[PDB]
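Here it is, the structure, as structure tokens.
Going by the order they are written in, the chains are A, B, C, D and E; count residues from 1 in each one.
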Amino acid sequence: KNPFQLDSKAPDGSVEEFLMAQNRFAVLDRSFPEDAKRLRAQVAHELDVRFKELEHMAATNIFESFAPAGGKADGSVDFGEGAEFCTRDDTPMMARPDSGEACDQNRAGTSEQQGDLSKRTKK
Amino acid sequence: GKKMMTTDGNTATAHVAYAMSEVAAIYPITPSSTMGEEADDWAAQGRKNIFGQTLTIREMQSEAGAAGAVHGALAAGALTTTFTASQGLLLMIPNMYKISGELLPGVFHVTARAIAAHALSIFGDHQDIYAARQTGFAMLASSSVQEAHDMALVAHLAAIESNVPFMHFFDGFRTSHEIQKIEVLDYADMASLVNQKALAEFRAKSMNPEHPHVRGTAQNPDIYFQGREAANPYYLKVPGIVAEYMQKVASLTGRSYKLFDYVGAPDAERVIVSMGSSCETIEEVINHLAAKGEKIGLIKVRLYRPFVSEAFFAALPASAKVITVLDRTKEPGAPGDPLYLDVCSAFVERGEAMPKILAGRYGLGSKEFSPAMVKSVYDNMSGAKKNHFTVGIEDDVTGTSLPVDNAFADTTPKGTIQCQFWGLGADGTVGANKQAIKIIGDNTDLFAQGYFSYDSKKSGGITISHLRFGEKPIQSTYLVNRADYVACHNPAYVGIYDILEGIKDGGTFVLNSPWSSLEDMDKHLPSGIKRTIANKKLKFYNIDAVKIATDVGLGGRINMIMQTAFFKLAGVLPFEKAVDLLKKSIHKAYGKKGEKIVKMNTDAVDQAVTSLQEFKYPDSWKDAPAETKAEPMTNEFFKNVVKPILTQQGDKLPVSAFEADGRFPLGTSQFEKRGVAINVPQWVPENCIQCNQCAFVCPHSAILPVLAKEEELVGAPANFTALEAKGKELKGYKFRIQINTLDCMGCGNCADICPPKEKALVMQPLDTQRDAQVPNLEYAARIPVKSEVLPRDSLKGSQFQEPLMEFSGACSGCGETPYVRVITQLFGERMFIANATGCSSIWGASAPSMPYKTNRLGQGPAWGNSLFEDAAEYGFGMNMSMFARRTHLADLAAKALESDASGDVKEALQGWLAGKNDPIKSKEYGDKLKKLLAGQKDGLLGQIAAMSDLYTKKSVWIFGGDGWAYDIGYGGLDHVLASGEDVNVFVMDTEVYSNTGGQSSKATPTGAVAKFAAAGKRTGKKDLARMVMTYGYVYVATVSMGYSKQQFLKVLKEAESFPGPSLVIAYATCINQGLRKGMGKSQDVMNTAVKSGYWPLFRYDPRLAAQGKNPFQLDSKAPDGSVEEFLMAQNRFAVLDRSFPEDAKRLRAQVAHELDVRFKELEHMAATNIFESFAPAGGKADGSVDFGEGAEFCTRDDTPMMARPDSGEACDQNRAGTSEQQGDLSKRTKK
Amino acid sequence: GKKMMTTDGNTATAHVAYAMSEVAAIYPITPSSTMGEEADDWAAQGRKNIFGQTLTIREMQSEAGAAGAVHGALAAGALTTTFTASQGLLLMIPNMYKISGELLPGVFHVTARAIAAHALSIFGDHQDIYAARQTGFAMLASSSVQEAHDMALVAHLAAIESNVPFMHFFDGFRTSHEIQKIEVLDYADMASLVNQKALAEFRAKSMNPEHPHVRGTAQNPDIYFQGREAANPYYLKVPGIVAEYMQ
Amino acid sequence: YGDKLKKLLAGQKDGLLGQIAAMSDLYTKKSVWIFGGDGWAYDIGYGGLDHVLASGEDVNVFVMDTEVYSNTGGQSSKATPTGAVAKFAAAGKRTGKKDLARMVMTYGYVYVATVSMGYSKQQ
Amino acid sequence: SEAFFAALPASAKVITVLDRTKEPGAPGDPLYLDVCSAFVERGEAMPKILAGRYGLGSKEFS
């Protein structure tokens, strides 16, 4: 089922009275009447759009699964375990107790390129 | 009981921390990362703590988050620990006050690292731990790997009994990454030492709704001071508790400690007080010198907080007449560093004898602190007695340094074998050195020590191993400077580095090279080396490690041969045992895939032992002909500063060589020319379709397209082949794809993507290419770049622009640098870069290699690294500066328009004001102004003329990785984008904390394997793009070079031109992801990332809504079904499949499901008809009004928090009800 | 000229800070809030600083954000200031090392407030300013409403000429909120005390693509220590400079 | 079941049962709540709030949105709406309210809701 | 320190350094530690130095 549910209804048109009933809004109307008029209209439009977007969310049939947890099971593995090329650099930042073992550091090109160079330079 | 073990300071302390803790909140930071990672690994393997439980570990979004979680965990009654350093410890400070203030038994294990000031440093010193000395945490220092283990245990036990949190610390790298054979206790023994009554008291006083209490109250002046002093009893007792546990632990281990310990002559007259790993080297020197009659000693500081002066004096010989206190930090402006001030206080309070006390600074950022330096310190006490000195550097600026005599005799105990190994990154030298340390330590009574110096270069970097083996304890916490055995595993080093420096007489020198014949050696081996080998009668051995490896089938892989060389010639073990042990271990390790890969190594050993014969050299080497100096031309700065640094001589540069503020100039990497690629591309002009994709894609700017006119090719070398230029606009020009073979890293991305079947680029060995291309690139570099020919932001055209970020220390095939290189080609000359700490800042600016450069006109990115957590705000600040200063400029312009300035000037000003924020017009008129106002120094036109670097519209960019953007700096990123100001954020998503060693980030995808997500991350990838899109006024887009270079460029232009905030998220391949066919497949992987639907490309452009059109546009097509092969082609996913096939199948199916859903969501977004569209901006107008002006009721409270200068007027405070209720009561009461 | 006015420590300080700064990144925290709010109201009212410009002020998400913004503004050549205390000051510490480390003329005005330990307190003491004593910022104290005005000015003038960031502080409430009849200087008088050459030099060395440089490098053991000691000549001149401006 | 263990184990001091008896304040499942204002949730504490919600653990965040930093004196926050007057928004805030709710809903596995007592006590 | 001493009367026999903070476990608070170091480096007269804590959280200092 759709996880999103709308519990209130579309703007009933009383927003202007709502704002003007609070000094945080009204005080602007008394000091910068032109800007205030503009901003209260901007608020009205912002909410109009938002509500419309919430209505789509509520009417959509597109949403994803859910599961509290589970799976993992004992054990972990290093991301570099059995990789074909180095997964760490020559930096002291990536240095670790178990690092230091030789690997393909990508300075000889791709596997395929390396393979083809072998084929061509065979001798 | 006990157990022997060879490990580093990190695992030594993590070993105890895991046992003594139930919870751990962590965050990765070098050099402490190892601890948290081991804790995670052990918990996953099933290791139990003293309570029989596996540790509950969690990675937070930052260290501030970990500190808060640690506080909560402790408050809620769970023993808790954390690991951190430097910048991280700083973020924990606010919570430290709370954790100690609330008397919680927490324990922080800190690898002391330098704090970033004039520069960032990951190396060790005590700046960080001293920054927290006032938080109320007890502080216990350990000075050796074995001490790290012991003090970690004392800290925990003492924290539990005392109720005072503890910070156990040890020196970054010098102690944290040094390997030593030590002894560790079983968890059961640790458990037996725990005070059970205290543990139960902790549990009972903790937060719990069954018996609640209130904590974290807000207090007024009447009681705060009393409440702050009520913990005194606890701090008075902690010292005795620490001593008690030092004693209990000693009865189990045999190693005793005191809050302050003394070593040396009991009648010493000159004493040193120090803390940390320096104490080990100091003691070693005391043994040597005292044996010659010198009356010197050392007081080792264990418990630094609380500072118990009585224990200090218990360790001070009454005979001491001069005392030098060593501080491993710098507090600018303080009358002295912390330890020094603490000691001084002890003497004044004692009020008796006052010996001469001197203060000394050493070891900042892991600066060497060697025996010679210790000698300097001791000599100073009997000589000049210079005060507030520095040692380890040459301070020729203020003259605070002690001179250091490097002829000082070797002081390692009798019978110590010292080794040095010069390797090349990824040649397995370090891993071989570590094996030899385990092998030797496990099979002898010898003490072993290993330490490793790495390179700032991530690829093809040089490594230097320092190993010591001996019959006596190894206290040498400094590099080996007089080696018995020196091995140079890379022949390229022979002619460029001072490899035989300090090697002893009759010492053994092993070299890996194909110079078997005396004529070959004479041919390649330089004179200095020959004279050194000859004059010191060195046992010189040469061995074609590459030929044997190939011959036995190991395919040129030299680790085993050089390993055999060590075991055979180092002389720490007898031939027999060594070869035996080495082999037994070869079957031990390996042995996995048949005895075929076992035989090759066994064989490689046998063959190595045979080929390992003492090369014989003619006595004429004694005075070989000193060669010349065939060194090319470069800058004075590259000659005097960076060259010296790149060749391991930075330690000799005095203070005078550096800028007070730490700045460096751009383009110093232009001259490095390392030439470490094994294979480089070869241009085949017959097959070239002149598309420029190869140059666009290069992670290192190694490809230089050339567009010349006949006349420019005149002196062109014969082999400077050029095609007639294809393209209507290029009619008449000659085209060429010039390969820069020395700067190439040989990743193969260019060749891999070159369009035509009959490739125009083919990888060939560096040798087959350099002689021809070195002179060619050098000729081409002098050919003017044709930037005016084609559109700057067109695929082909962009490559005809000057790249302003070249030859960085990024890994070969790095997925971040191509993006950055292109961005500079489009805005480079007018951009600011606020770079978050991370790979981009590391390849971006690791001294002394500076990859960002200026163009032919001297313009280039103004680049800066503030911190890891504040890049967005840092760039926002740069944007504030430009706004302020360019507004000042605009105001002067407007004023000047109303003066008698000439019509020309006025016309230019009017033009600039009108095009002020337009890159084209602001530059056009600004350029007229530089001309017109040239020379003007008086009045208004003068000020305006002096502000020319502000004329053209600048481009502020914020560069950062995913860890920065989705985690630690997300709050700042979110606030900056929400500001609506004109900044550009470019996020290089590598889907992990790359630079620090592949730790998971909220950007890490479901099922991906990474540190702290080693069973595959179990939460989907955070959707930063969709979160930012909810704003409606921020331009948001995603890109992937491999999929579309055009969409990338389109995004770049649309984001930068957006007059608001822009966020661009790019798919960045990285070595941590483990691309199965190499990093040269990066472009193809980027391509697949998009096609598979794994990484959809889109753009959210607010200005489209401003015109009735949908701001959201999808740029890629629905998932094509290839995700499974896309994931299986990366080890970060493939490993999980091989280890947990069941859950891995499930996790990969979940990814395919998530992306399918997400693509469908993006689809309705593009199909929608609803979107934010009102007015562009408008408004302002001078004036301010207070939200409380004219309110009918009080709008502020009676609190001190809301009190303001103008507050205090009478008002209706809502205690009589509504206006109506009061009205009605008025009517009802009439009267 | 001089001007007699009755106000509190906060306003006496903000009066100077506004005049001597071009940019300010702020975040609210008692008892320093008054200063930022004042600087904001004045800017919105069109008050001009010594450059005849109204102040560019923005509110960040936290003090850490504020401190990062301050660092960036300074790095990019603007005279910058911020107002904070206690918990906020602590979050600015990481950036304080960077700001003093790159020798930037920043000025922090702090109303010294207690740090939250066994409890939170919005009241005054030096717990917060002492927590930042190793960051490399010069630290100048004022002990009265009148001194708050004078030291604030000395702090700004001295930061510009010395290139060492300054932390001007006074007691939370006890001074920040005490009201006294004092004398403040006109903006013109302050402007005449400014070292025009140091100022031009600060702007010439700042970040700019027209003449770039790299700042905030990552350094190894080979050179970090020398690099950290390179600023000594600047700290050596600070005392003399403060004394000169006090005079 | 926890209450039954309190009676059945009352007095137990030894071994396993004793250890279990001493852990009764852990028997009942607890409800972990995080309280804070909009300034905390939308600004300074946002990054930690975001990280903790993304963790998937069982915690409850309750945000009392006053659309300003109230305690400190009415300073604007990212939760402050368009046109509202507040300190640092002296001419009415010129950017709209940050949509914290829709941002958090993008995870899909976090429960998100908005309330308003005056409109519906039941909701 | 030079400026500190230029302000200290040569007659001073006892000096009390008042710190308005508390660093738990420190051998002394910041100003006190700084003053102590001043006397130690001078090497001359050593008057009695006393450390005192006051005014935390706006506590009256009357």
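To be clear about the criterion, a contact is a pair of C-beta atoms (placed from the backbone, for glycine too) under 8 Å apart; a residue touches a chain by one contact, two chains touch by 3 or more.
Common neighbours of chain B and chain E under the contact rule above are C.
The centroid of the Cα atoms in chain C and the matching centroid in chain D are 36 Å apart. Each chain gets one centre point, the mean of its Cα atoms, and the points for chain D and chain E are 47 Å apart. For this pair, chain A with chain E, the centres built from the Cα atoms lie 55 Å apart. Within chain E, residues 21-23, 55-58 each touch two or more of the remaining chains. Contact annotation for chain pairs lists A-B, A-D, B-C, B-D, B-E, C-D, C-E, with touch applied as defined. Those residues of chain C that touch chain E in the shared complex are 112, 114, 121, 123-127, 130, 133, 171-174, 239, 243. On the chain C side of its complex with chain D, the touching residues are 26, 28-30, 33, 36-37, 40-41, 44, 57, 59, 61-62.
Chain A contributes residues 3-4, 7-8, 19, 23-25, 27-28, 32, 35-36, 39-40, 42-43, 46, 50, 63-64, 66, 68-69 to its touches with chain D in the complex. Interface residues of chain B, counted against chain D in their complex, comprise 58, 60-62, 64-65, 68, 200, 203, 208-211, 967-968, 970-972, 974-975, 978-980, 1002, 1018-1020, 1022-1023, 1026-1027, 1030-1033, 1177, 1179-1181, 1183-1188, 1195-1196, 1199, 1201-1202, 1204.
The touching residues of chain D, counted against chain C in their complex, run 43-44, 46, 69, 72-73, 75-76, 78, 87-88, 90-91.
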